[PDB]
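Peer 1: Chains as they are written, first to last, in the entry's author numbering: chain LB0, 2 to 62, 68 to 132, 138 to 289; chain LS0, 7 to 175; chain LM0, 3 to 77, 83 to 104; chain LE0, 61 to 180; chain LH0, 1 to 184; chain LO0, 2 to 197; chain LFF, 5 to 108. C-beta: ideal position from N, C-alpha, C; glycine also.
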Amino acid sequence: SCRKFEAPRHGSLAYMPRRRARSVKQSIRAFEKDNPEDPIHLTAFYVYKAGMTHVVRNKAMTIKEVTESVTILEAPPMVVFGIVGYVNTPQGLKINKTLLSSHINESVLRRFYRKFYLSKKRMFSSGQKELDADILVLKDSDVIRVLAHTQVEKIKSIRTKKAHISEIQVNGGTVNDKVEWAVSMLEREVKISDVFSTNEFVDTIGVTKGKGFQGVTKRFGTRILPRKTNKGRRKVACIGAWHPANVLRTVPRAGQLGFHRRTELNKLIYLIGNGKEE
Amino acid sequence: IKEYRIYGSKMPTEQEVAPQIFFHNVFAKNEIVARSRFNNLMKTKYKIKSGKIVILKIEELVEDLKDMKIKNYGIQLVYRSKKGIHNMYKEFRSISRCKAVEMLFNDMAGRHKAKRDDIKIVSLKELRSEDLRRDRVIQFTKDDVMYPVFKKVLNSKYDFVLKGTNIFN
Amino acid sequence: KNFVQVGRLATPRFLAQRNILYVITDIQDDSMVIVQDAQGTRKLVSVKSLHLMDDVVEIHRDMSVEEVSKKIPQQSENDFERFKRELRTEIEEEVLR
Amino acid sequence: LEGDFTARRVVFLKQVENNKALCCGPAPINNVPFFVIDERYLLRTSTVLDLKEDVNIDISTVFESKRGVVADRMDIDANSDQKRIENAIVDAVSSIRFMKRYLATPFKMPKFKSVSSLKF
Amino acid sequence: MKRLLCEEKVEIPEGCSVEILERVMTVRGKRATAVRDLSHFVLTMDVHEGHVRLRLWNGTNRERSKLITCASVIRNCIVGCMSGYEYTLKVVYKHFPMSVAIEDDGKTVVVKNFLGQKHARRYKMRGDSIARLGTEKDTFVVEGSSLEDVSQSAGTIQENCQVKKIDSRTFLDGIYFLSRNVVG
Amino acid sequence: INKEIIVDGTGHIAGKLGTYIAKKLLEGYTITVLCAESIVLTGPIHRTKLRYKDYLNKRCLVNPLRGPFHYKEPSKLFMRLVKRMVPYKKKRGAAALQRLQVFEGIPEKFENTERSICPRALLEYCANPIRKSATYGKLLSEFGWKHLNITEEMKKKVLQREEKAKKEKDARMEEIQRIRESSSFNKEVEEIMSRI
Amino acid sequence: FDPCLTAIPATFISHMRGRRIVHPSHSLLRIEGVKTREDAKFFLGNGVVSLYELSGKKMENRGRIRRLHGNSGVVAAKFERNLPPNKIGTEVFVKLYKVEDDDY
RNA sequence: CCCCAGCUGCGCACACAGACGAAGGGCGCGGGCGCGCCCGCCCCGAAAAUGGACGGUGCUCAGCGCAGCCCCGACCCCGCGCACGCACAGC
RNA sequence: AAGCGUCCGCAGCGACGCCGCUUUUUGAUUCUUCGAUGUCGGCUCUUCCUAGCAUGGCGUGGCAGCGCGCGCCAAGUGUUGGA
RNA sequence: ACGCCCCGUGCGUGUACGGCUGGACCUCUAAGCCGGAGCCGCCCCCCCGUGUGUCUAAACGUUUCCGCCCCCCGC
Ligand SMILES: Nc1ncnc2c1ncn2[C@@H]1O[C@H](COP(=O)(O)O)[C@@H](O)[C@H]1O
Ligand SMILES: [Mg+2]
Ligand SMILES: [Mg+2]
Ligand SMILES: [Mg+2]
Ligand SMILES: [Mg+2]
Ligand SMILES: [Mg+2]
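(1) Report yes or no: is there a C-beta of chain LE0 within less than 7 Å of the C-beta of residue 87 (chain LM0)?
(2) Would you say residue 40 (chain LFF) reaches chain LO0, if we count a Cβ-Cβ gap shorter than 7 Å as a contact?
(3) Candidates 120 (chain LS0), 170 (chain LS0), 98 (chain LS0), 37 (chain LS0): which alpha carbon is nearest residue 146 (chain LS0)'s?
(4) If you reduce the DSSP assignment to three classes, tell me which class residue 152 (chain LS0) lands in.
(5) In this structure, how does DSSP classify residue 81 (chain LH0) when only helix, strand and coil are distinguished?
(6) Pull the bridge partners of residue 27 (chain LO0) from the DSSP assignment, please.
(7) Given a threshold of 16 other Cβ atoms within 10 Å of its Cβ, counted over all protein chains shown, does residue 62 (chain LB0) qualify as buried or as exposed?
(8) So, is the C-beta of residue 13 (chain LFF) closer than 7 Å to a C-beta in chain LO0?
(9) Give me the chain LM0 residues within the contact set of residue 107 (chain LE0), using Cβ-Cβ distance strictly less than 8 Å, ordered along the chain.
(10) Taking the C-alpha atoms as reference points, what is the distance between residue 117 (chain LE0) and residue 107 (chain LE0)?
(11) Start and end of the beta strand (DSSP E) containing residue 160 (chain LB0)?
(12) By a C-beta neighbour count over all protein chains shown, 10 Å radius and 16 as the cutoff for buried, is residue 252 (chain LB0) buried or exposed?
(13) Relative to the alpha-carbon of residue 100 (chain LM0), which residue among 187 (chain LO0), 195 (chain LO0), 142 (chain LO0) has its alpha-carbon at the smallest distance?
(14) Count the other CB atoms, across all protein chains shown, that sit within 10 Å of the CB of residue 274 (chain LB0); report buried if there are 16 or more and exposed otherwise.
(15) Out of 44 (chain LFF), 20 (chain LFF), 65 (chain LFF), 34 (chain LFF), state which residue places its alpha-carbon closest to the alpha-carbon of residue 178 (chain LE0).
(16) Residue 127 (chain LE0) and residue 77 (chain LE0) look like a contact to me (Cβ under 8 Å); what is the Cβ gap, rounded to whole Å?
(17) Just the Cα atoms here: how many angstroms apart are residue 154 (chain LO0) and residue 185 (chain LB0)?
(18) What I want to know is whether the C-beta of residue 57 (chain LH0) ends up closer than 6 Å to one or more non-hydrogen atoms of ligand 1.
(19) May I have a chain-ordered list of the alpha helix (DSSP H) segments no shorter than 4 residues that lie completely inside the stretch 147 to 232 of chain LB0?
(20) Can we say the stretch 156 to 164 of chain LO0 touches the stretch 74 to 93 of chain LH0, given the rule of at least three CB pairs closer than 8 Å?
(21) Ligand 2: which residues have Cβ under 7 Å from any of its heavy atoms, chain order?
(22) With H, G and I counted as helix, E and B as strand and the rest as coil, what does DSSP make of residue 71 (chain LS0)?
(23) My parser needs the alpha helix (DSSP H) runs of 4 or more residues fully inside the stretch 106 to 179 of chain LE0; what are they?
(24) Compare the C-beta of residue 158 (chain LE0) against all C-beta atoms of chain LM0 and say whether one is closer than 7 Å.
(25) Between which two residues does the beta strand (DSSP E) harbouring residue 65 (chain LM0) extend?
(26) With respect to the beta strand (DSSP E) encompassing residue 18 (chain LB0), which residues constitute its N-terminal and C-terminal limits?
(27) Leaving out five residues on either side along the sequence, give the residues of the same chain with a beta carbon under 6 Å from the beta carbon of residue 38 (chain LFF).
(28) I want to verify the contact list: residues of chain LS0 whose CB lies under 9 Å from the CB of residue 108 (chain LO0), in sequence order.
(29) Looking at C-beta atoms only, is the number of pairs between the stretch 118 to 131 of chain LH0 and the stretch 153 to 169 of chain LH0 that lie closer than 8 Å three or more?
(30) By the criterion of Cβ-Cβ separation under 7 Å, what are the contact partners of residue 17 (chain LM0) in chain LE0?
(31) I'd like to confirm something about residue 43 (chain LH0): is its beta-carbon nearer than 6 Å to some heavy atom of ligand 1, or not?
(32) Thinking residue 166 (chain LS0) and residue 127 (chain LO0) are a contact (beta carbons under 8 Å), I'd like their distance in whole angstroms, please.
(33) So with CB distances below 7 Å, who are the chain LO0 contacts of residue 49 (chain LM0)?
(34) Listed from N- to C-terminal order along the chain, which residues in the stretch 68 to 86 of chain LO0 have their beta-carbon within a distance smaller than 7 Å of any beta-carbon of chain LB0?
(35) Find the nearest neighbour of residue 72 (chain LB0) within the set 260 (chain LB0), 272 (chain LB0), 172 (chain LB0), 58 (chain LB0), judged by alpha-carbon distance.
(36) Go ahead and pull the three-state DSSP assignment for residue 99 (chain LH0).
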């Protein structure tokens, strides 16, 4: 029969199944819409979370002083070392041509090894006579992305020399000029100030803090059962009706909480600065 | 189907040596339905039931289709629906009388779901073009009528063929 | 666009029976039509069962069977003859080299 | 159709006892010796040669080709009357223009379109 | 009733050429040239003897009704591509003066202060249609080369600028059709 | 026997094409269906959309990960049609389904191939022109298949290359015909038959 | 010797069956090019062979086209050994000579 | 088509219809009778709870009707052989 | 559709009657279960239906506005704290 | 968490419905067309598993680094 008092569902079904993320680095699943009248620019960057503080800012409406929590994302410049071109196929997007630089350093080829200290470092032994043929087929692409890696050794607090590699879409005009910019930027660093600016909204993609196997009260916020409850209070009591004779996937069960991929929209950049300058 | 003229009478006895001879013109599938449609009319017009009927003659009325033109036929019929019994008058153009009633049966079945046994024909008269009452059959009585074929029809039995092959023409 | 009219030549719609000529002698309705064979026999057929040829023959509504059959235009293989046929193309492809 | 030779145009001579048939596609022309097979395995074609000679030959030693076995028989023999009646159908094949190529060529199936096309 | 043949022809006047291939029609008139697709009709379209002929064989009353609309849509496309249509619209208001104004060279009409509303109702013009103010004030006229794009462009304004959610008997303000006629 | 058929899907009624496809598949034919975005569903489009929304509504409430899967491509939706015209749970029907490959448009693997049609399943043969109809790509482009325009553009570039090669090939059929009719060729031919 | 040189290939499409009950002694064949019942009358009584391999060794299972089947030129054949349902969809070769019901 | 076996013709219907239904209705279409009736098809009336059932696929000539010729299909019937029973040229 | 509704059968109602639907009531029955299917309510938690309460779009009024009534489409999101 | 931040807009089919043109004298309808719902579908977001692209490797089944991975060790 009908439940006596109605209430919203505990937790979103949009994020169920709550599984662990497949990686710690998340690739951009969707870049912004490429506008040919826009100038050539990159669309993403890869930063590292340093910590939080709060700023005080004047909120003009009369002026009222407000304080707001901010968070500081350390962004060493990313080195562009490859180009990936895509074509619009009736099955979707397809790799048209991958063009790498002749130089791949010890940081970014640490990523290609599981145990690097025991390795022989022979990845990417790799001709420059085929560049113009590879640039020409790359000009036939529909979507141009650069292969950029992070410079994780520049942080030095993270005991990680192994770099994070990702594709960043080159948005601008006339795919000819996209790869002419991209071959210019091979083995060059891209600053965070070149990609973003202050008071603009960005989307952050990352993996949450892992909480391990958690019960339903933390995982979903279901009500703790009363004090008299035999066999446990931090539960959902009825996990399903008699029919259907299975448990639905919509019922909150105990499992993995945290270490999920999350994309948060419209995070405003308050300040872009350098950690050395005051 | 076929047309039958079935002659019959009461079986002659010592009391009635020459009974009155009757005949019925039936459009039937065969002679056994034609005997059956004759026996009901002797049972219901007169009171002669089928045990006391002798069927004197059954002949197939067949037309000579020597030069085979199309005649017009006006058919007065009585058909029984699920709801009642009604009179209808239908006009057809056909080859023979026995083909025109086949056009009657396929039309009453298509338009009214009247089965062949649910239909009794009052009269079938071959008509002039001037005496036709249906304007649809009048259109084809005009000389020099012409129309094209717009339905596609295949020129063989095919399961799969290449694209270039003509199949309709 | 070939029309169904009296005097329009026709053949059976099947390709294996295209050797037979018909001529439309009378029109019943949208769908049925009397055709006359070159052998003089007439039969009522469907319009869908015919493939209309391009030619129309000078026939009017009430003509005799002999009168229409005057105006209809006039219309096997062995293994050895098939061999002689296939050998002809056998050499014909060799000359083109 | 089913013999040692099994796609070879030959000519038919005589029907023999126990359901057999004497045949010789002439050994100069198509390299086929005298043989007897079953009567049914001969697919009949419409063309007949004009052979007037008597075909009552000394069949006692002729190589009989069975159905499935492709057993390699011994080569050609003395051929007392076989040489004469072979030359009579080489005489018959010379009168007709392309018939020499016909008996030499192995049989190919006609491209099927109907069973009327399978008349032979 | 299934007549054996229903036929009507549309007399192509002098100065325009009509070309019909596989039930699409290209008219080349003085005012504009429009290419019209009539393949939703099941008809034989041919232009012969200077009048486009539509013929229907053994057609039902449903089909020959569609014969006539194909004839009237060809009549309208011809004199739209020859003369051109224009629709006249009267702006009616009791209390608040509506101000209609054209932008984008007559490709859009703004309507402001409709019933004292702040929201500016813009209405775009479906292709090859031009709006301008009426020579009489409190009127604007939309004019173009096809009756459907003219009467829909005017028709959206007559549909959207009525008064809804307040009583339409007491509130009579809105834009209405006055007169519908061809150019000249 | 050449038991490999390449079907062009334009102008075909879907379930009527699928019966002749599945009956061939169970007899050992390997069928490939091209241009599956143009396979036709008869009737007006709104009835066909309600049939699709009825399909989308059916899912496992307990676990839709194992529910009735809903296909937005015309190729996988047409594959789903022929899937149940064979006995696919048995090994004879699943083996037959491995001989289907259904594609939208013409991929360049199928450039210059020889495409077939099922004329008993054609829309111009079966349907009345009074009746409405709609293709798969007309339906499914409003149900999440985003690739209608890129299919038709790449379809056109294949058909223009094939029309180009047909313009070259039939000219070679023209000149070979004009050569084989020439009296120089004939007396060359009767000279060889003289020597045989 | 190729089978397609002298014999017409026919695809083994089904056994003779009901909707459910299957009688495997009679195999239904579809001869190529044969599309009508009167066309298949040319092949009544004709021998038929199904060629297969057992441990790489070639075998001939011989049969006779026994009766017609349907209106579409499908014929029913009875072989020495019944055809397995594995071979449904594969080809068997129809001979051009008649054989008898006793003697294949 | 699953699934053995279909073709030739003539009609009719468009409603996610055929594929549960009433009273009462429908300038919906097709026939018929004297604007009103009648007959077919369709429509409205016609709303249930896991997602889902003309059996499914699907079908708009795979629906609703008819005709012609054909085909498939039981251990039935027929014929033959064998087993067993009988009072046994057989049943 | 008798009547009511200022006049006005149908804006909205609607008697006297009649036709249905539903299985959310209770019976009727006794088909399943008596070598047992744990019997009310609540708490908890999920889902579904629409005969739609709110929220979205509308049509209608005996709708001036404000409001209220009647009807339509739509089951997305909601539908509380207490004696 | 009792604290703080983000959940923003869009696009499309098209419901009811309003319209346009327009037939069988009007007519939103029979053909066609326009607009149109918190619905529906995309987009976004999350998950899945299959693919795509790139990189890389010696000897004579054994030697063994020839390419590596895994355990072990630490965090
Ligand atoms: N009953 C009909 N009367 C007139 N034209 C028709 C009819 N049926 C089809 N058509 C037209 O015939 C053409 C298609 O015929 P087809 O030559 O078969 O492609 C199209 O222009 C149709 O509109
Ligand atoms: Mg307790
Ligand atoms: Mg079958
Ligand atoms: Mg018995
Ligand atoms: Mg128990
Ligand atoms: Mg229990």
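Peer 2: Let me spell this out:
(1) Residue 87 (chain LM0) sits at position 80 when you count from the first residue of the third sequence. For residue 87 (chain LM0), a Cβ of chain LE0 is located within less than 7 Å of the residue's own Cβ.
(2) On the seventh sequence, residue 40 (chain LFF) is found 36 positions in, with the first residue counted as 1. By this cut-off, residue 40 (chain LFF) is not an interface position.
(3) Here residue 146 (chain LS0) refers to the residue found at position 140 of the second sequence. Looking from the CA of residue 146 (chain LS0), the closest CA among 120 (chain LS0), 170 (chain LS0), 98 (chain LS0), 37 (chain LS0) belongs to 98 (chain LS0).
(4) Counting from one through the second sequence, the residue named residue 152 (chain LS0) turns up at place 146. The answer is coil: DSSP assigns residue 152 (chain LS0) none of H, G, I, E or B.
(5) Here residue 81 (chain LH0) refers to the residue found at position 81 of the fifth sequence. Helix, per DSSP.
(6) Taking the sixth sequence and counting its residues from 1, the one referred to as residue 27 (chain LO0) is at position 26. Residue pairing of residue 27 (chain LO0) in beta bridges, as defined by DSSP: absent, with no partner found.
(7) Residue numbering aside, residue 62 (chain LB0) sits at position 61 when the first sequence is read from its first letter. Here residue 62 (chain LB0) is exposed. Its C-beta has fewer than 16 other C-beta atoms within 10 Å.
(8) One-based indexing of the seventh sequence puts residue 13 (chain LFF) at position 9. Yes, residue 13 (chain LFF) lies at the interface with chain LO0 (some Cβ there is under 7 Å from its Cβ).
(9) Residue mapping note: residue 107 (chain LE0) aligns to position 47 of the fourth sequence, counting from 1. Per Cβ cutoff of 8 Å: 85, 86, 87.
(10) Here residue 117 (chain LE0) corresponds to residue number 57 of the fourth sequence, with the count starting at 1. Here residue 107 (chain LE0) corresponds to residue number 47 of the fourth sequence, with the count starting at 1. Distance between the alpha carbons of residue 117 (chain LE0) and residue 107 (chain LE0) is about 23 Å.
(11) To locate residue 160 (chain LB0), count along the first sequence from 1; it is residue 149. The continuous beta strand (DSSP E) containing residue 160 (chain LB0) extends over residues 154 to 160.
(12) Taking the first residue of the first sequence as position 1, residue 252 (chain LB0) is located at position 241. It counts as exposed.
(13) Taking the third sequence and counting its residues from 1, the one referred to as residue 100 (chain LM0) is at position 93. When only C-alpha atoms are compared, the closest one is 187 (chain LO0).
(14) As a working mapping, residue 274 (chain LB0) is identified with position 263 in the first sequence. Its Cβ having fewer than 16 others within 10 Å, residue 274 (chain LB0) is exposed.
(15) The residue given as residue 178 (chain LE0) occupies position 118 in the fourth sequence. Proximity to residue 178 (chain LE0) across 44 (chain LFF), 20 (chain LFF), 65 (chain LFF), 34 (chain LFF) peaks at 44 (chain LFF), based on C-alpha coordinates.
(16) Stepping through the fourth sequence from its first residue, residue 127 (chain LE0) is reached at position 67. Stepping through the fourth sequence from its first residue, residue 77 (chain LE0) is reached at position 17. Rounded, the Cβ-Cβ distance is 18 Å, inconsistent with contact.
(17) Taking the first residue of the sixth sequence as 1, we reach residue 154 (chain LO0) at position 153. Taking the first residue of the first sequence as 1, we reach residue 185 (chain LB0) at position 174. The straight-line gap from Cα to Cα measures roughly 20 Å.
(18) The residue labelled residue 57 (chain LH0) in the question sits at position 57 within the fifth sequence. At a threshold of 6 Å, residue 57 (chain LH0) counts as near ligand 1, since its beta carbon sits closer than that to one of the ligand's heavy atoms.
(19) The stretch 147 to 232 of chain LB0 contains these whole alpha helix (DSSP H) runs: 186 to 195, 203 to 206, 227 to 230.
(20) The stretch 156 to 164 of chain LO0 is not in contact with the stretch 74 to 93 of chain LH0.
(21) The set of residues whose C-beta lies within less than 7 Å of a heavy atom of ligand 2 reads, in chain order, 239 (chain LB0), 241 (chain LB0).
(22) Against the second sequence, residue 71 (chain LS0) aligns to sequence position 65. Of the three classes helix, strand and coil, the one that applies to residue 71 (chain LS0) here is coil, per DSSP.
(23) Taking only runs of at least 4 residues, the alpha helix (DSSP H) segments lying wholly in the stretch 106 to 179 of chain LE0 are 142 to 155, 159 to 164.
(24) One-based indexing of the fourth sequence puts residue 158 (chain LE0) at position 98. It does; some Cβ of chain LM0 falls within 7 Å.
(25) Start at 1 with the first residue of the third sequence, and residue 65 (chain LM0) comes out as number 63. It is not in any beta strand (DSSP E) - residue 65 (chain LM0) carries neither H nor E in the DSSP assignment.
(26) The residue you call residue 18 (chain LB0) lines up with position 17 of the first sequence. The continuous stretches of beta strand (DSSP E) do not include residue 18 (chain LB0), and DSSP gives it neither H nor E.
(27) In the seventh sequence, counting from the first residue as 1, residue 38 (chain LFF) sits at position 34. Excluding its 5 nearest sequence neighbours in each direction, residue 38 (chain LFF) has C-beta neighbours in its own chain below 6 Å: 44, 77, listed in chain order.
(28) As a first step, residue 108 (chain LO0) is located in the sixth sequence; it is residue number 107 there, counting from the start. Here the premise fails: no neighbours, minimum Cβ distance about 17 Å.
(29) Judged by Cβ distances under 8 Å, the stretch 118 to 131 of chain LH0 makes contact with the stretch 153 to 169 of chain LH0, as three or more pairs qualify.
(30) As a working note, residue 17 (chain LM0) is residue 15 in the third sequence. Result: empty, since nearest Cβ-Cβ is about 10 Å, beyond 7 Å.
(31) On the fifth sequence, position 43 is the one that residue 43 (chain LH0) refers to. Yes, Cβ of residue 43 (chain LH0) sits closer than 6 Å to a heavy atom of ligand 1.
(32) Here residue 166 (chain LS0) corresponds to residue number 160 of the second sequence, with the count starting at 1. Here residue 127 (chain LO0) corresponds to residue number 126 of the sixth sequence, with the count starting at 1. Actually they are not in contact, since the Cβ atoms of residue 166 (chain LS0) and residue 127 (chain LO0) sit about 15 Å apart, beyond 8 Å.
(33) Locating residue 49 (chain LM0) in the third sequence gives position 47, counting from the first residue. When 7 Å is used as the limit between beta carbons, residue 49 (chain LM0) is near no residue of chain LO0, the shortest such separation being about 16 Å.
(34) Answer in chain order: no residues at all.
(35) As a working note, residue 72 (chain LB0) is residue 66 in the first sequence. Selected option, being the one with the closest Cα: 58 (chain LB0).
(36) Here residue 99 (chain LH0) refers to the residue found at position 99 when the fifth sequence is read from its first residue. Three-state result, residue 99 (chain LH0): strand.
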